[PDB]
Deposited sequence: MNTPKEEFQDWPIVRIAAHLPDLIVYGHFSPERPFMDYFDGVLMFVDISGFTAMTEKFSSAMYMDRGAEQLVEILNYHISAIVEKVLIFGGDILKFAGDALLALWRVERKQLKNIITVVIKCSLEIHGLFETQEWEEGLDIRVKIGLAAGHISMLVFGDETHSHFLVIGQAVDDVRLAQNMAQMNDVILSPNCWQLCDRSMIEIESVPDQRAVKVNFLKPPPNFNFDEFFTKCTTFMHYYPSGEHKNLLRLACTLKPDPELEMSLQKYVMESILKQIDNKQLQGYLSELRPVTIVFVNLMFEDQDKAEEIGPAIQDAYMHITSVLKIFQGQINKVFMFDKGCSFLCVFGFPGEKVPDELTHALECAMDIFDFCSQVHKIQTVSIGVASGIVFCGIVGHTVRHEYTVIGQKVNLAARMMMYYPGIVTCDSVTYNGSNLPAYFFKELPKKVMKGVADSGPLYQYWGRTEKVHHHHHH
């Protein structure tokens, strides 16, 4: 069986949630289901990024970093896939995976996912990982325009895996409160986590008669897309997709144009692994605690329509979209493949301010915050051959992310963006520098005030 079609190469960049969805063209589009989520924090392994920028790597730092990082992440991805998971998205610091099932099967799948999580830690018993698990209701949001599409999962099961991850330490498996409540406590030995109703898994000791492989095989019964039969030894059913112009047209909207060029063998397959000077514009849109996914969807859609319009003008791109802690964040990048300018900084700031001004007027968005940072970041396709994504990794990515969270409601920028801007100083305001999560000394940070006092 030949399987190297463009449609298959595109499907590699997407989860089954998208590849085998059959939903409408209306945007936003929303859907609701239940499942188990797994969040694998892979920092410590992506904190090395600074080492590989050193002159010791003789201008092959990016290539060496992508190689060693994919060595490890692809092993994590194989475990997830073999246990029936769907990897939803990659980021420099983590990956999120989903086991979507009927509510009545959540109990058994949690055991599958816990076994998976511990086999993942088993891969690193000679850097390590941190794993959070959650279970419950999940809402999916698809937004975009006629040429591009983005998706998110939303809900407290998503927020649950957020906090479960934040509590974890190296080699931990933390289960959200609702996951612990729905899990098979007959099999899962836990321990308290102080002043937190979430729990840490110590052992998975099953009944004497329990045979996991038979148990897993029965669980695959409810996994709609687990490879089986003649395809039992494929990691993804996506690998079997055949040409379908209508499906490919839909799928390619989720994929960055430069990726598609490479997919089409119109660009060298290594062109996108690089250490590149870029400007990160990290946009956060916050909604109120009580806001529900059917009201958030339209707000994100309206914000997105304007965001993409401004980025096209100032020649930026959306690398990633996330949502947790009731905030939807856009990881935007300027100076990405091909399109780099020496006025990129003023454009990034002006684009930020434009996005700040519009989005603050979108209703149901309570707060807009944008962090801007410029510097060298690693760019590359990260993951497994059969499931990977273009991602950016580096100090300035994390800095932009921290700035938008620690300085809400304004546009902030780093000392690099400030000095290099083709703009005068009174356009800015030096900020009180706060102590931020896992951040080296910033340098001075600034608020982009804009051209007016008003």
| query | finding |
| --- | --- |
| Stretches with no C-alpha position, numbering per deposited sequence from 1 | 1-6, 133-140, 469-475 |
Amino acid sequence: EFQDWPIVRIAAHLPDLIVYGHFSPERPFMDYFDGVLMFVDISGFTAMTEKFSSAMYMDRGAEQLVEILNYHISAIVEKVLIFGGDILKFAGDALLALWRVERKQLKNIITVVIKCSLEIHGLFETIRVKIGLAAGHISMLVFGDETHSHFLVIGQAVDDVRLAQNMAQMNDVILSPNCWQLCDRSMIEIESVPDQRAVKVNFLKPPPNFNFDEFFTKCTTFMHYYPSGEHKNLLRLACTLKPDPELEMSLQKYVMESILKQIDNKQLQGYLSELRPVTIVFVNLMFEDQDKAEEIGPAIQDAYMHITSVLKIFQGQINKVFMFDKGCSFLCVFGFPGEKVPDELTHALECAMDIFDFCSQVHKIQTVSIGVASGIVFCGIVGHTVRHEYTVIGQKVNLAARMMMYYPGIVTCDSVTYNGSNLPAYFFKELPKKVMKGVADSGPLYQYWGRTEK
From here on, numbers count along this sequence of modelled residues.
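Between two forms, the rigid core is defined as the largest C-alpha subset superposing within 1.5 Å.
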{"property": "In 9 other deposited structures of this protein, rigid core aligned: more displaced of 36-44 and 51-59 by C-alpha RMS", "result": "36-44"}
{"property": "Stretch farther from the shown model on average in 9 other deposited structures of this protein, with CA RMS computed after core superposition (210-218, 92-100)", "result": "92-100"}
{"property": "Missing-residue flag, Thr126, threshold a third of other entries", "result": "yes"}
{"property": "Stretch with the higher entry mean CA B-factor, where the candidates are 441-449 and 16-24", "result": "441-449"}
{"property": "269-277 set against 247-255, stretch whose average Cα temperature factor tops the other in the entry", "result": "269-277"}
{"property": "Residue selected from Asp354, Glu78, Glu295, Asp264 by maximal Cα B factor", "result": "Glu295"}
{"property": "Candidate residues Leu234, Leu163, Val333, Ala373, the one whose C-alpha B factor the record puts highest", "result": "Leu163"}
{"property": "Third assignment of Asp86 from its chain's C-alpha B-factors", "result": "lowest"}
{"property": "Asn398 by Cα B-factor - lowest, middle or highest third of the modelled chain", "result": "middle"}
{"property": "Ranked against its chain, the third holding the CA B-factor of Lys320", "result": "lowest"}
{"property": "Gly409 CA temperature factor, ranked by third within the chain", "result": "middle"}
{"property": "Lowest, middle or highest third - CA B-factor, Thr417", "result": "middle"}
